[PDB]
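Visitor: Sequence and experimental coordinates follow.
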Amino acid sequence: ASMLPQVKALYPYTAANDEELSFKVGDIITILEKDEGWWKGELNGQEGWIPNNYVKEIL
């Protein structure tokens, strides 16, 4: 398999529209794609863009 990046949320986020993904502090989110400040995440079957300042990539 290929490894995807994962990030851990440091702040909660409420999606502003249907292209974005909501999360809570400590959620582990899988990154499908990066576009500078917005990353595309997947969490429990939901997919959407997230602000990268809310999270920290797991090394």
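Guide: Great, that's in hand. Residues are numbered from 1 along each chain as shown.
Visitor: In this protein, spot the strand with the most residues.
Guide: Across the chain, the longest stretch assigned as strand under DSSP state E is strand 28-35.
Visitor: Pairing partners for the helix or strand just after that strand, with directions?
Guide: Counting by DSSP states H and E, the next helix or strand C-terminal to strand 28-35 is strand 38-43. For strand 38-43, the paired strands and their directions (DSSP bridges) read strand 28-35 (antiparallel), strand 46-51 (antiparallel).
Visitor: what does the first one contact?
Guide: Residues outside strand 28-35 that contact it (CB atoms under 8 Å, 6 or more residues apart in numbering): 4-9, 21, 23, 39-43, 47, 49-50, 52, 55, 57-58. From N, CA and C alone the C-beta is placed, and that goes for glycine too.
Visitor: Now do the contacts for the residue sitting nearest the centre point of the chain.
Guide: When CA atoms, centre = their mean is applied to the chain, the residue found nearest the centroid is residue 41 (3.9 Å). Contact partners of residue 41, counting by CB under 8 Å, 6+ apart, are 7, 21, 23, 29, 30, 31, 32, 47, 48, 49, 50.
Visitor: how many other residues sit next to residue 27?
Guide: 20 (other CB atoms under 10 Å).
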